[PDB]
Each structure stands twice: as structure tokens, then as C-alpha cells.
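To start, the structure under review is shown below, and the notes come after it.
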Amino acid sequence: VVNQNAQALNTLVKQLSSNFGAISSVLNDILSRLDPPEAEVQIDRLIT
Amino acid sequence: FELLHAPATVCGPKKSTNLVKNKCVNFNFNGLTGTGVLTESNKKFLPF
């Protein structure tokens, strides 16, 4: 049970580095390099 | 001066800042941007 909880936490942290179809996984890069009218769709892909 | 949807690697000088330790700050180390506290560490980094 300790391993399962740790693995679920580790996967959840690992999913932060998943793009989910966005141009980049890190939110700061996609916000900095793209204007908000276009960056909104990429930020939405990461948020969803 | 070309700005694509890509990393901007031709930069005007921007390195004149002083590091502060043990305080929650927004840091930018040669293109790595993050928020947190900076502390002296005993990690033996390899030269590269």
C-alpha cells in the first residue's frame, strides 16, 4: 500500500512533464513564447 | 531580427543580478526559470 501510494504520487508528478498535446509541458515557456489569444488554446490543453 | 515560435537564442546582455540565499525568489539561471529558495548544497556535480 505504501508503494502504491508512492507510485501514484510519482506518476502524478511525472504527468506534470507530459505535454498532453501542448507545444511544451512547462507552463512558463508556452506562456512566454506565445501571445495570450493563441497561448490560451495551448494552456487549455495543458489545463485539461 | 527574427522571432519565430522557437527558442530565442540571440540575446542582448542580461546577467547583472546578485544571488540571494535562503529566500523564496524567482530565479533565471541561463534560461532555466523557476521559483523557490536557493541554498548551499553538497551535491558533487560533474564539470559538464
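Order determines the names: the first chain of the C-alpha cells is A, the second B, and so forth; residues in each chain are numbered 1 upward, and ligands are numbered 1 upward as they are shown.
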
Near residue 47 of chain A, within 10 Å and counting only C-alpha atoms, which residues show up once chain neighbours fewer than 2 positions away are dropped, as an NGL selection string? :A and (20 or 22 or 27 or 40-45)

Go ahead and save the residues from that selection, with C-alpha atoms, as a compact mmCIF listing (two decimals), in the first residue's frame.
# COMPACT_ATOMS: atom_id res chain seq x y z
CA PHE A 20 -0.97 16.43 -23.37
CA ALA A 22 0.51 21.23 -25.84
CA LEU A 27 3.56 26.35 -18.46
CA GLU A 40 -4.95 30.17 -24.42
CA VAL A 41 -5.61 27.01 -26.50
CA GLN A 42 -2.22 25.50 -25.55
CA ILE A 43 -2.76 26.46 -21.89
CA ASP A 44 -6.26 24.89 -22.15
CA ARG A 45 -4.74 21.65 -23.49

Chain B residues near chain A (9 Å cut-off, only C-alpha atoms) as an NGL selection string: :B and (4-8 or 33-34)

Selection to disk with N, CA and C atoms, as an mmCIF file, in the first residue's frame:
data_model
loop_
_atom_site.group_PDB
_atom_site.id
_atom_site.type_symbol
_atom_site.label_atom_id
_atom_site.label_comp_id
_atom_site.auth_asym_id
_atom_site.auth_seq_id
_atom_site.Cartn_x
_atom_site.Cartn_y
_atom_site.Cartn_z
ATOM 1 N N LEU B 4 10.507 33.678 -34.216
ATOM 2 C CA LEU B 4 9.630 32.580 -34.601
ATOM 3 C C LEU B 4 8.935 32.001 -33.354
ATOM 4 N N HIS B 5 8.155 30.915 -33.513
ATOM 5 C CA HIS B 5 7.712 30.105 -32.381
ATOM 6 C C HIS B 5 8.776 29.070 -32.051
ATOM 7 N N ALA B 6 9.812 29.534 -31.364
ATOM 8 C CA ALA B 6 11.006 28.749 -31.179
ATOM 9 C C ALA B 6 11.838 29.419 -30.098
ATOM 10 N N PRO B 7 12.839 28.746 -29.523
ATOM 11 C CA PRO B 7 13.698 29.394 -28.542
ATOM 12 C C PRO B 7 14.458 30.576 -29.152
ATOM 13 N N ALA B 8 14.404 31.701 -28.440
ATOM 14 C CA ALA B 8 15.139 32.899 -28.806
ATOM 15 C C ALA B 8 16.532 32.842 -28.197
ATOM 16 N N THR B 33 14.083 28.939 -15.783
ATOM 17 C CA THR B 33 13.312 29.867 -14.919
ATOM 18 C C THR B 33 12.494 29.065 -13.910
ATOM 19 N N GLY B 34 12.520 29.495 -12.653
ATOM 20 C CA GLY B 34 11.786 28.767 -11.607
ATOM 21 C C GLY B 34 11.542 29.637 -10.390
#

How would you write, as an MDAnalysis selection string, the set of residues in chain B that DSSP gives as strand (DSSP E or B)? chainID B and resid 24:29 32:37

Write to file, as a PDB file, in the first residue's frame, the residues of the selection just made, with N, CA, C and O atoms.
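Written file, out.pdb:
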ATOM      1  N   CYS B  24      12.651  32.857  -0.673  1.00  0.00           N
ATOM      2  CA  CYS B  24      11.822  32.380  -1.808  1.00  0.00           C
ATOM      3  C   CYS B  24      11.914  33.453  -2.889  1.00  0.00           C
ATOM      4  O   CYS B  24      11.341  34.544  -2.701  1.00  0.00           O
ATOM      5  N   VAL B  25      12.588  33.137  -3.993  1.00  0.00           N
ATOM      6  CA  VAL B  25      12.821  34.153  -5.056  1.00  0.00           C
ATOM      7  C   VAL B  25      12.486  33.533  -6.408  1.00  0.00           C
ATOM      8  O   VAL B  25      12.363  32.291  -6.483  1.00  0.00           O
ATOM      9  N   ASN B  26      12.316  34.378  -7.423  1.00  0.00           N
ATOM     10  CA  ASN B  26      12.103  33.864  -8.800  1.00  0.00           C
ATOM     11  C   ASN B  26      13.469  33.887  -9.485  1.00  0.00           C
ATOM     12  O   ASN B  26      13.996  34.985  -9.718  1.00  0.00           O
ATOM     13  N   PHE B  27      13.983  32.716  -9.855  1.00  0.00           N
ATOM     14  CA  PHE B  27      15.368  32.663 -10.386  1.00  0.00           C
ATOM     15  C   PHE B  27      15.393  32.329 -11.874  1.00  0.00           C
ATOM     16  O   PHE B  27      14.478  31.641 -12.363  1.00  0.00           O
ATOM     17  N   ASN B  28      16.385  32.881 -12.573  1.00  0.00           N
ATOM     18  CA  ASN B  28      16.559  32.583 -14.017  1.00  0.00           C
ATOM     19  C   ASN B  28      18.037  32.248 -14.239  1.00  0.00           C
ATOM     20  O   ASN B  28      18.845  33.181 -14.373  1.00  0.00           O
ATOM     21  N   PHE B  29      18.363  30.957 -14.274  1.00  0.00           N
ATOM     22  CA  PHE B  29      19.777  30.546 -14.460  1.00  0.00           C
ATOM     23  C   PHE B  29      20.016  30.189 -15.925  1.00  0.00           C
ATOM     24  O   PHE B  29      19.604  29.085 -16.332  1.00  0.00           O
ATOM     25  N   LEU B  32      17.021  28.771 -17.471  1.00  0.00           N
ATOM     26  CA  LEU B  32      16.141  27.928 -16.620  1.00  0.00           C
ATOM     27  C   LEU B  32      15.406  28.845 -15.644  1.00  0.00           C
ATOM     28  O   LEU B  32      16.063  29.422 -14.762  1.00  0.00           O
ATOM     29  N   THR B  33      14.083  28.939 -15.783  1.00  0.00           N
ATOM     30  CA  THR B  33      13.312  29.867 -14.919  1.00  0.00           C
ATOM     31  C   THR B  33      12.494  29.065 -13.910  1.00  0.00           C
ATOM     32  O   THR B  33      11.899  28.043 -14.291  1.00  0.00           O
ATOM     33  N   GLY B  34      12.520  29.495 -12.653  1.00  0.00           N
ATOM     34  CA  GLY B  34      11.786  28.767 -11.607  1.00  0.00           C
ATOM     35  C   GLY B  34      11.542  29.637 -10.390  1.00  0.00           C
ATOM     36  O   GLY B  34      12.008  30.791 -10.381  1.00  0.00           O
ATOM     37  N   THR B  35      10.783  29.127  -9.421  1.00  0.00           N
ATOM     38  CA  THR B  35      10.553  29.879  -8.162  1.00  0.00           C
ATOM     39  C   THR B  35      10.892  28.978  -6.973  1.00  0.00           C
ATOM     40  O   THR B  35      10.436  27.824  -6.954  1.00  0.00           O
ATOM     41  N   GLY B  36      11.667  29.494  -6.027  1.00  0.00           N
ATOM     42  CA  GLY B  36      11.994  28.698  -4.834  1.00  0.00           C
ATOM     43  C   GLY B  36      13.102  29.340  -4.031  1.00  0.00           C
ATOM     44  O   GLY B  36      13.474  30.488  -4.338  1.00  0.00           O
ATOM     45  N   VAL B  37      13.614  28.618  -3.036  1.00  0.00           N
ATOM     46  CA  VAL B  37      14.751  29.144  -2.233  1.00  0.00           C
ATOM     47  C   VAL B  37      16.047  28.523  -2.751  1.00  0.00           C
ATOM     48  O   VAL B  37      16.028  27.353  -3.207  1.00  0.00           O
TER      49      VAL B  37
END

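Between atom CA of residue 30 of chain B and atom CA of residue 3 of chain B the interatomic distance comes to 19.2 Å.
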
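One distance worth recording is that between atom CA of residue 4 of chain A and atom CA of residue 24 of chain A, which is 28.8 Å.
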
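As for atom CA of residue 46 of chain A and atom CA of residue 16 of chain A, they are spaced 9.0 Å apart.
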
From chain A, collect each residue whose DSSP state is helix (DSSP H, G or I) and return the set as a PyMOL selection string. chain A and resi 2-15+27-33+36-47

Could you write those residues out with N, CA and C atoms, as a tab-separated table (two decimals), in the first residue's frame?
chain	number	residue	atom	x	y	z
A	2	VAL	N	1.98	1.21	0.75
A	2	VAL	CA	2.92	2.37	0.76
A	2	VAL	C	3.49	2.54	-0.65
A	3	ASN	N	3.88	1.43	-1.28
A	3	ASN	CA	4.46	1.52	-2.65
A	3	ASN	C	3.40	2.05	-3.62
A	4	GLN	N	2.16	1.57	-3.50
A	4	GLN	CA	1.10	2.00	-4.44
A	4	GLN	C	0.84	3.50	-4.28
A	5	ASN	N	0.79	3.98	-3.03
A	5	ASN	CA	0.59	5.43	-2.80
A	5	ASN	C	1.77	6.21	-3.38
A	6	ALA	N	2.99	5.73	-3.13
A	6	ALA	CA	4.18	6.45	-3.61
A	6	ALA	C	4.19	6.44	-5.14
A	7	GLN	N	3.86	5.31	-5.75
A	7	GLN	CA	3.88	5.19	-7.23
A	7	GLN	C	2.82	6.12	-7.83
A	8	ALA	N	1.65	6.19	-7.21
A	8	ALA	CA	0.59	7.09	-7.72
A	8	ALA	C	1.07	8.54	-7.62
A	9	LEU	N	1.70	8.90	-6.50
A	9	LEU	CA	2.22	10.28	-6.34
A	9	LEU	C	3.31	10.52	-7.39
A	10	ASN	N	4.19	9.53	-7.59
A	10	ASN	CA	5.32	9.72	-8.53
A	10	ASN	C	4.77	9.90	-9.94
A	11	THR	N	3.78	9.08	-10.31
A	11	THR	CA	3.18	9.21	-11.66
A	11	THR	C	2.49	10.57	-11.80
A	12	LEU	N	1.81	11.01	-10.74
A	12	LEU	CA	1.10	12.31	-10.82
A	12	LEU	C	2.11	13.43	-11.03
A	13	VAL	N	3.23	13.39	-10.31
A	13	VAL	CA	4.29	14.41	-10.53
A	13	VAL	C	4.87	14.25	-11.94
A	14	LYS	N	5.06	13.01	-12.38
A	14	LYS	CA	5.61	12.76	-13.73
A	14	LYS	C	4.66	13.31	-14.80
A	15	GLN	N	3.36	13.26	-14.54
A	15	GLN	CA	2.38	13.74	-15.55
A	15	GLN	C	2.50	15.26	-15.71
A	27	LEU	N	4.54	25.27	-18.21
A	27	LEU	CA	3.56	26.35	-18.46
A	27	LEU	C	4.27	27.67	-18.79
A	28	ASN	N	5.38	27.95	-18.12
A	28	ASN	CA	6.05	29.27	-18.31
A	28	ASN	C	6.50	29.43	-19.76
A	29	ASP	N	7.06	28.38	-20.35
A	29	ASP	CA	7.59	28.51	-21.74
A	29	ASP	C	6.43	28.82	-22.68
A	30	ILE	N	5.34	28.07	-22.58
A	30	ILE	CA	4.21	28.27	-23.53
A	30	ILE	C	3.59	29.65	-23.30
A	31	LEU	N	3.54	30.10	-22.05
A	31	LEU	CA	3.00	31.46	-21.79
A	31	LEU	C	3.95	32.53	-22.33
A	32	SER	N	5.26	32.36	-22.14
A	32	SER	CA	6.24	33.38	-22.58
A	32	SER	C	6.37	33.46	-24.10
A	33	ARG	N	6.41	32.33	-24.79
A	33	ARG	CA	6.68	32.37	-26.26
A	33	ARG	C	5.43	32.61	-27.09
A	36	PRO	N	-1.28	35.62	-25.62
A	36	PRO	CA	-2.41	35.03	-24.92
A	36	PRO	C	-3.57	34.60	-25.83
A	37	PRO	N	-3.97	35.34	-26.89
A	37	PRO	CA	-5.05	34.86	-27.75
A	37	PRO	C	-4.76	33.48	-28.35
A	38	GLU	N	-3.51	33.20	-28.73
A	38	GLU	CA	-3.17	31.84	-29.23
A	38	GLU	C	-2.69	30.92	-28.09
A	39	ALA	N	-2.02	31.48	-27.09
A	39	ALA	CA	-1.48	30.65	-25.99
A	39	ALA	C	-2.62	30.06	-25.17
A	40	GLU	N	-3.81	30.66	-25.25
A	40	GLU	CA	-4.95	30.17	-24.42
A	40	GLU	C	-5.28	28.72	-24.81
A	41	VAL	N	-5.24	28.39	-26.10
A	41	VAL	CA	-5.61	27.01	-26.50
A	41	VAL	C	-4.55	26.02	-25.99
A	42	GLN	N	-3.28	26.39	-26.08
A	42	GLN	CA	-2.22	25.50	-25.55
A	42	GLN	C	-2.34	25.38	-24.03
A	43	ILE	N	-2.60	26.50	-23.37
A	43	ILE	CA	-2.76	26.46	-21.89
A	43	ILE	C	-3.99	25.62	-21.55
A	44	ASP	N	-5.04	25.71	-22.37
A	44	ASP	CA	-6.26	24.89	-22.15
A	44	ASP	C	-5.93	23.40	-22.31
A	45	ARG	N	-5.11	23.07	-23.30
A	45	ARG	CA	-4.74	21.65	-23.49
A	45	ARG	C	-3.99	21.16	-22.25
A	46	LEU	N	-3.05	21.96	-21.76
A	46	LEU	CA	-2.32	21.56	-20.53
A	46	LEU	C	-3.29	21.51	-19.34
A	47	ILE	N	-4.18	22.50	-19.22
A	47	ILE	CA	-5.08	22.55	-18.04
A	47	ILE	C	-6.00	21.33	-18.05
